[PDB]
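Beneath this line is the structure, given in structure tokens, with notes to follow.
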Amino acid sequence: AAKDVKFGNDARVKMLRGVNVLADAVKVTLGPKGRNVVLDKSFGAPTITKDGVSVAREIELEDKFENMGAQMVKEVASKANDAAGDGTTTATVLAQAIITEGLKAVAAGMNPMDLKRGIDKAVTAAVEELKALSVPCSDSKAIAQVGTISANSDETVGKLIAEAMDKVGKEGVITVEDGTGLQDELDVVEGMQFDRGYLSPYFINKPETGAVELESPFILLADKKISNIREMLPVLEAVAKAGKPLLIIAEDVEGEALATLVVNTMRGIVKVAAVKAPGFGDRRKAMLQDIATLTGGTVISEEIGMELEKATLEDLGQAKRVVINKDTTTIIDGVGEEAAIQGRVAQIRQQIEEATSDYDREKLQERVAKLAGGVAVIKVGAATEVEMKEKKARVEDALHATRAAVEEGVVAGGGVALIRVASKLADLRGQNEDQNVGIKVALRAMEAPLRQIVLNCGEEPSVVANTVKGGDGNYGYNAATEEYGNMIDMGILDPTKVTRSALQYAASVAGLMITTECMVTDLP
Amino acid sequence: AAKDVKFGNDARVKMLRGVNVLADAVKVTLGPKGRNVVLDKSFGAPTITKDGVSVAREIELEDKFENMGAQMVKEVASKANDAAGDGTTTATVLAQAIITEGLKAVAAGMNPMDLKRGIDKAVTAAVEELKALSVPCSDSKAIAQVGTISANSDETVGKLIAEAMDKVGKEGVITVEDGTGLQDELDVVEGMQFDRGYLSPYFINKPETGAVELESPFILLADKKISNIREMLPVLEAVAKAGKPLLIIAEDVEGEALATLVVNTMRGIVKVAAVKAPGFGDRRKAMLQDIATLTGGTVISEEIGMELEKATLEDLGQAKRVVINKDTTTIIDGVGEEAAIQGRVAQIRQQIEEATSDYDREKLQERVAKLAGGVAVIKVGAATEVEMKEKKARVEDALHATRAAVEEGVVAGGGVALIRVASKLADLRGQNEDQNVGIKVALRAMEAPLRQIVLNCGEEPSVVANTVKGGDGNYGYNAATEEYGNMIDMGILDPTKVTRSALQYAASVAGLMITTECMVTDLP
Amino acid sequence: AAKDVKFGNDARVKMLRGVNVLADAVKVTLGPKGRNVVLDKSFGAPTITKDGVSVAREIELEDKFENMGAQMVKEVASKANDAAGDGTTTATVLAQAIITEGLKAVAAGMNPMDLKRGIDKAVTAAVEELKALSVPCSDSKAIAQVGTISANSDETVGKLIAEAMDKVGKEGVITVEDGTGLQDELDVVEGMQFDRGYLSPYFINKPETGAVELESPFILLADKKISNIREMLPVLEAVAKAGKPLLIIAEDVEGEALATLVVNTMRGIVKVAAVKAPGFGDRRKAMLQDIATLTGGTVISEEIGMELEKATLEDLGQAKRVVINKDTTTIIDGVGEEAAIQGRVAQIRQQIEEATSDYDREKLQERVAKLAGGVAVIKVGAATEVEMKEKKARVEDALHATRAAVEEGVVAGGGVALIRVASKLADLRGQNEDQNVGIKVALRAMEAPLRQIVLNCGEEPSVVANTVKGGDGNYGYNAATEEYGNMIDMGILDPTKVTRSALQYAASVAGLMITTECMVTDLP
């Protein structure tokens, strides 16, 4: 009800307190020794988690000041989680440290905008320097190391995912959820596939247990419920002389058509199987074109230069085998020319950039996997649904890490690359001594995530930080192994994407928000 | 209402006290000295229950942290009830012990994930060794013994359950039904049964009490509603000249066909009873083959080349006798080769274990028993609804114990094998000292269930602990009768599955608990 | 009545609250970066002060828990004020160090009693090592250095104190009293000077000063007030033959006595002046004997058998010259051989070394210094009351430093010797592991000086401490300039007794608090 507008240091204190409270809540919880926080949901039991995005999304307390502070810091965390999912606290820690330094600078009375500009130029330069420091990540050993890092020192997960991507190739796409059981199961979807069962239980063909496998078949497409008398008379007769099994991808089937297909098949007349509409309108059509390219066939409907009832036998598709069961239907090695493959690849290239962005590129990658690659699903089983959610989050983080390593490679882990580039870029100079001071203080505050990681390890940050400044190259401390030496030889590796994006977004947002001089809020 | 944050041990103490209250409530319900607890119920009178899950589902504590800790520990109790039905008490006492161990270890500041790894290694070794000590015990004597033990030493119930299993066979199902009188009753009825009376009362046979017994009945399979078409007359005449009763099992019948059938029966040509199909279209279709193979027939339906309009007398199934009454219509016995039933039973054995779990299992084993076993009906001899529920729950517990014994077997109860394996696993070691002390933590915490068992008599546990530690093998103590001896000789046993599941779930919830550091909750 | 009992951590948390508040209050002041604290006064102005004890001893906190915390922590500060005067901040930071690591040790479950025993034995060993490393201070340069450093680096007053101490000798007694101008004034009082002034105005012998210079007068000491006789002829006539002036010292002066002597003064026979004794009967009698002996005279004793009629040149006292004014009376020199002089001084110091330590004994050493050497008096004035109080506190600290230097000298200061001896202190072992942990607590504790100096300086503590520990002897880090190098060149030295007593009493008292298991207090 009441309003509250304050200015300068008045709002500065409130924002500092909110940031400090959020930091106390968040920063200590990252890393191996960093622990898990519970987020309450109204209807049922609360969820235990470590992810920064979940924590930030759940942030809501009585105090409006910290409330809106969390609201405005949530955007950078969301951006980084859409990028990385891990090392959000580090970006937050960076922001908090440079906010304190901005408090120091405004105590010095500086213009915040010039400070932000100089620090942002320094951030850019650090971005190119990080790109230079990047080392390619190719070997599956490095893949397993980075995956274990992403799973927070879980070698079982790292080896599992490394072997999985080795078997499915770099082209294998992954969309995974665990089953009811506790067993870790790897399933690979090869080529064209949809999880579809029998339209009629009469569909029991030669394979037992209701299994259906037909080799060298003729694949028909149906625009709608065929009607007429069993439709496709010339094609049916040609198959009758041919004697090969028939497959149908039907939008809809007459009940009488279903009955006469039953008669034809299980009287031994002709081997015919039919499947329902695979997908949604203009989407099922899209996959119809895709499978026509895949199997070297053509979409069979009246909507092409010929009509459905009377047509040429060339319209049908062909494949090495088809597997239709009570649950799933799959195409084994359809014969389509590589020229059509490249045409579909060019269409994929066109559809790569999308204004819808999300769910369009993943549909395109679904097409990619169905045409050349494959789908990998590893049901990692355990007791509690919270633990499965944690495992899947770590799995997708490792997947994104693998993507970054393949596309670009990795850099040194543990932020030793951070302190290295901080040392290397210290002497850069700007328009004024003021900008230089702002850049210097940002550089000093940048180590805060590393010293906080040390604090999380229950260790003194001063000693290790100063020693790290003393040493060079790969010299760094592994608190988990409690040893100085080479991080790369230890295999501590960070994707360039996560560090680069986190630093960019956190620095930009903190530099822009620290310029504030007035604030408005509503209190009860 | 207003949201707030708490950190670590301070709220951990509140959760400790809440779970302490919960465990105190739980303790008074386990064992022969376990007593019954009142749970206020709004709909009627409060429920007086010994069941752990019944209490658990209605748990709510005034404090936020205590209530939420109860919510997290509710998952393990729920899943244990779903798997076994009891043993929630031992999970709770294990939880209390491990919480004490963990809180004092954090007071030591000790490493969480090393403790979790040590607990997991100990759990793996425990599972391996308990599977090793599993002893083949399938004698019906031991079956009656475990039934009596699970029946809280009720020889009547245990003998009833053993007789029910023997009459239905090893794989035959045993079902629990409501009971009004004070004497237990067990009835076995064979054949396919449903809650259908003869659609017209005039279809009653000569015996009174609504009895319609047809000897050497023959089975008709009509996919559709055929009364209106009225074209079955040639097949009816074939049955009439065969001088046999035909039995109509069709989707529906109208008044015209029913009336002319009534006139045909009273004029004395052929005595015929007609019943509509029991279940759903998929379900009716599925049971069609079941009854046909039972009666030696093939599925007669309208959606294949053959049709009900033109049929041969040999198309029908054969049976010994059918009993039809206003309560149930049943076929006692069919006439068919059992090879087809066995093969389809195997192809459904493939279908049995699914992620579907609930909502399908009932139909699955009812189908299996109807194909193979018999129908068992149990009338409970208790007086009130709470007593109904208590012995009925004991019945499913005894059934689960039979399942575990049949599949894998059991071991000695009371945790004697537990203390033995703990004593011989004293030197189990982990990766480092933290894991070793976590192994010690598991070693001490697994003692909590047994000391709680001894304290359940209101008597000091350390005496029995020392005596059992001094003893070896199956040496043990009876707290129900309170004397020492051989654990096998006193004859209380534990199925392997329930203990393995309890320990696994307890380890999981321990690993979850040890990672708790912060919370956001509400204050009214 | 009002009761409130806290057990274990219940009391602990409130203790941690009070101790944290007190430590925050104390840490502000020490070092060149240390600031002042307000000692608010309801009536007059507060005191803006730097001395930790000057704050703590007089400060009381109204809230209950902080009230108890201050109550238990204030006795050590009070005794330090009574004995040491400075370093109370250092002993305070030591107290927090030891209680902090003690409460974590308790959290570890370690035996408090053995911990305290090991701490006590290590304190004894540290005392031994301090005595071994004790170095005397003899040169006036180092004396001035340590005096200035104890005086918070006020060079002018420190060198003033050093030179005045040189003037008054090693045994001479030095006192500080209030002045008027901003500049401290040095006063050297030689011989017997006592606060007694002339009564009748005609006593003015030398004008413009009120000062009476007597030409070797015939000093008489009287314990009787001359009222009755009005006839001092036995001594008056002897003086008449002598022809020299005379001085009178009496218990009291009657109007009769004043009348007769004033008549004599206008008569001009000899210069006649009579003065009362300075203090109360016992004290004035006590100085009567020493005045007589150092002047070689005899006090007339009316409680012993003799009177003025029996008088001779040795009966009546003599001194070479005296000075008399309206305020005080001084003796430049008296006729007394050193044998009996220091015989009386020796018998005085025999009883001088008693648990007295009170104002009477302090002015007794003042009288002794008058007997043998000279007395120093420092007139301290300043612009405002708080400035005067600061100067008084700093001068008192410098006086304590001079005491320590004179008695034994001073040892390495700034806590450097503390860490140096703690380096060798690791060799100590106890009865068992509990005592070993108690000893190595002393290792974790002696960093209170280094972390507090760094906390004041706002620098990196850990590597600074480690590098200084790498150095030895005169090497260290100066906070006043904040650079490494030789310290003993600057004369940075701590008194032996102050540091030793502080450390041992603090260890004892904080060890006795840290073993507390329960507390009882009063409700509001």
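The way I read the labels, and the way they are meant: chains A, B, ... in the order of the structure tokens, residue 1 as the first residue of every chain, and ligand 1 as the first ligand shown, with later ones counted on from there.
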
Determine, for each residue of chain C having at least one atom at most 10 Å from an atom of chain B, the closest pair of atoms and their separation in Å to one decimal, counting only C-alpha atoms; order by chain and ascending number, as CSV.
```
residue,atom,partner,partner_atom,distance
C:104,CA,B:107,CA,8.0
C:105,CA,B:108,CA,8.4
C:106,CA,B:107,CA,8.6
C:107,CA,B:107,CA,4.9
C:108,CA,B:108,CA,4.3
C:109,CA,B:108,CA,7.5
C:110,CA,B:108,CA,9.8
```

Output of the above residues as a tab-separated table (two decimals), in the first residue's frame, restricted to C-alpha atoms:
```tsv
chain	number	residue	atom	x	y	z
C	104	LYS	CA	34.96	-25.81	17.45
C	105	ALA	CA	37.02	-28.32	19.45
C	106	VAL	CA	33.94	-29.04	21.57
C	107	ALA	CA	31.94	-29.40	18.36
C	108	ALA	CA	34.52	-32.05	17.47
C	109	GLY	CA	33.67	-33.67	20.81
C	110	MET	CA	37.16	-33.28	22.26
```

So that I can check the secondary structure, give me every residue of range 165-402 of chain A assigned strand (DSSP E) by backbone DSSP, as number ranges by chain. A: 173-174, 185-190, 193-194, 212-215, 218-222, 246-250, 272-275, 319-324, 329-334, 374-379

Contact residues around residue 129 in chain C with only C-alpha atoms at 10 Å, ignoring same-chain residues under 4 positions, as a PyMOL selection string: chain C and resi 123-125+133-134+417-418+420-422+424-425

Writer output for current selection, N, CA and C atoms, as an mmCIF file, in the first residue's frame:
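Here's the written file part_15.cif:
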```
data_model
loop_
_atom_site.group_PDB
_atom_site.id
_atom_site.type_symbol
_atom_site.label_atom_id
_atom_site.label_comp_id
_atom_site.auth_asym_id
_atom_site.auth_seq_id
_atom_site.Cartn_x
_atom_site.Cartn_y
_atom_site.Cartn_z
ATOM 1 N N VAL C 123 51.241 -22.707 28.027
ATOM 2 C CA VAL C 123 51.424 -21.349 28.529
ATOM 3 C C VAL C 123 52.668 -21.273 29.399
ATOM 4 N N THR C 124 52.859 -22.268 30.264
ATOM 5 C CA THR C 124 54.071 -22.310 31.075
ATOM 6 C C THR C 124 55.312 -22.366 30.193
ATOM 7 N N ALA C 125 55.281 -23.214 29.165
ATOM 8 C CA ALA C 125 56.417 -23.325 28.256
ATOM 9 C C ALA C 125 56.666 -22.016 27.516
ATOM 10 N N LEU C 133 64.212 -15.709 25.761
ATOM 11 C CA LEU C 133 64.414 -14.719 24.714
ATOM 12 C C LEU C 133 64.332 -13.289 25.225
ATOM 13 N N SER C 134 64.132 -13.097 26.527
ATOM 14 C CA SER C 134 64.083 -11.753 27.086
ATOM 15 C C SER C 134 65.411 -11.039 26.876
ATOM 16 N N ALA C 417 57.620 -12.004 18.499
ATOM 17 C CA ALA C 417 58.201 -13.013 19.375
ATOM 18 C C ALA C 417 57.193 -14.110 19.671
ATOM 19 N N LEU C 418 55.908 -13.758 19.706
ATOM 20 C CA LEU C 418 54.878 -14.754 19.959
ATOM 21 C C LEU C 418 54.884 -15.828 18.880
ATOM 22 N N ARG C 420 57.277 -16.416 16.757
ATOM 23 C CA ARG C 420 58.589 -17.052 16.729
ATOM 24 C C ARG C 420 58.666 -18.186 17.743
ATOM 25 N N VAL C 421 58.182 -17.949 18.964
ATOM 26 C CA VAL C 421 58.224 -19.001 19.973
ATOM 27 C C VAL C 421 57.170 -20.060 19.688
ATOM 28 N N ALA C 422 56.034 -19.671 19.106
ATOM 29 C CA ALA C 422 55.023 -20.652 18.738
ATOM 30 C C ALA C 422 55.554 -21.622 17.698
ATOM 31 N N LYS C 424 58.521 -22.975 17.681
ATOM 32 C CA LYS C 424 59.148 -24.048 18.442
ATOM 33 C C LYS C 424 58.175 -24.733 19.391
ATOM 34 N N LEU C 425 57.035 -24.102 19.680
ATOM 35 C CA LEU C 425 56.067 -24.666 20.614
ATOM 36 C C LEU C 425 55.391 -25.930 20.099
#
```

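A straight line drawn from CA of residue 274 in chain B to CA of residue 369 in chain B is 24.7 Å long.
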
Could you list, as a ChimeraX atom specification, every residue within 10 Å of range 243-259 of chain C, counting only C-alpha atoms and ignoring same-chain residues fewer than 3 positions away? /C:196,199-200,213-231,235-240,262-265,268-281,284-285,288,299-300,316-318,322,324

With C-alpha atoms retained, export the selected residues as a short mmCIF file (atom, residue, chain, number, x, y, z; two decimals), in the first residue's frame.
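Final output, saved to result_11.cif:
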```cif
data_model
loop_
_atom_site.label_atom_id
_atom_site.label_comp_id
_atom_site.auth_asym_id
_atom_site.auth_seq_id
_atom_site.Cartn_x
_atom_site.Cartn_y
_atom_site.Cartn_z
CA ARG C 196 52.47 23.68 53.39
CA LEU C 199 49.85 31.73 57.66
CA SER C 200 50.46 35.35 58.60
CA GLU C 213 65.23 31.68 51.94
CA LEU C 214 66.75 30.80 55.29
CA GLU C 215 70.49 31.02 55.93
CA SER C 216 71.00 27.49 57.26
CA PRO C 217 68.06 27.69 59.68
CA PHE C 218 67.68 25.77 62.92
CA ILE C 219 64.78 23.60 61.86
CA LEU C 220 62.54 22.37 64.66
CA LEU C 221 59.98 19.59 64.25
CA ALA C 222 57.08 19.65 66.70
CA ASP C 223 54.21 17.22 67.21
CA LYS C 224 52.62 19.70 69.64
CA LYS C 225 50.55 22.84 69.04
CA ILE C 226 52.12 25.71 70.97
CA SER C 227 49.42 27.32 73.14
CA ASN C 228 50.36 27.48 76.81
CA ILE C 229 54.00 28.33 77.49
CA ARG C 230 54.36 31.41 75.24
CA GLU C 231 58.02 31.01 76.25
CA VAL C 235 65.76 27.75 72.12
CA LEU C 236 65.09 31.43 71.38
CA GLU C 237 68.13 32.54 73.37
CA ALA C 238 70.33 29.87 71.79
CA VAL C 239 69.27 31.19 68.39
CA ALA C 240 70.05 34.66 69.75
CA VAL C 262 54.79 37.56 64.63
CA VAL C 263 55.77 40.01 67.37
CA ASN C 264 59.21 38.42 67.23
CA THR C 265 59.27 38.83 63.45
CA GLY C 268 63.71 41.49 63.78
CA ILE C 269 65.73 39.17 66.04
CA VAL C 270 65.79 36.34 63.49
CA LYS C 271 63.58 35.44 60.57
CA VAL C 272 60.78 33.38 62.11
CA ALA C 273 58.26 31.28 60.20
CA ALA C 274 56.05 28.43 61.42
CA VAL C 275 54.33 25.79 59.29
CA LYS C 276 51.93 22.96 60.02
CA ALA C 277 52.79 19.39 59.16
CA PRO C 278 51.54 18.28 55.72
CA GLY C 279 49.27 15.33 56.47
CA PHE C 280 47.32 13.45 59.12
CA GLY C 281 48.84 12.58 62.46
CA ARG C 284 53.07 13.56 59.55
CA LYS C 285 54.73 11.66 62.39
CA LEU C 288 58.94 13.64 61.17
CA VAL C 299 61.91 16.12 66.63
CA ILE C 300 60.66 17.39 69.97
CA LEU C 316 67.51 21.27 67.32
CA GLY C 317 67.59 20.32 63.66
CA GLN C 318 69.65 21.96 60.95
CA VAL C 322 65.26 25.88 52.85
CA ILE C 324 59.14 28.58 52.10
#
```

Filtered DSSP result for range 140-248 of chain A, state alpha helix (DSSP H), as a PyMOL selection string: chain A and resi 140-150+155-168+233-242

What's around residue 486 in chain B at 6 Å? Count only C-alpha atoms, leave out sequence neighbours fewer than 5 positions away in its own chain, and write the answer as a ChimeraX atom specification. /B:474-476

Restricting it to N, CA and C atoms, dump the selection as a PDB file, in the first residue's frame.
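Wrote result-v4.pdb, looks like this:
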```pdb
ATOM      1  N   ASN B 474      22.632 -68.482  13.581  1.00  0.00           N
ATOM      2  CA  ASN B 474      21.225 -68.189  13.801  1.00  0.00           C
ATOM      3  C   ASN B 474      20.859 -68.173  15.278  1.00  0.00           C
ATOM      4  N   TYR B 475      21.837 -67.991  16.157  1.00  0.00           N
ATOM      5  CA  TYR B 475      21.530 -67.766  17.559  1.00  0.00           C
ATOM      6  C   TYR B 475      20.823 -66.429  17.719  1.00  0.00           C
ATOM      7  N   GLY B 476      19.765 -66.417  18.524  1.00  0.00           N
ATOM      8  CA  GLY B 476      18.976 -65.213  18.675  1.00  0.00           C
ATOM      9  C   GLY B 476      18.135 -65.242  19.933  1.00  0.00           C
TER      10      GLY B 476
END
```

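You will find CA of residue 320 in chain C at 7.6 Å from CA of residue 332 in chain C.
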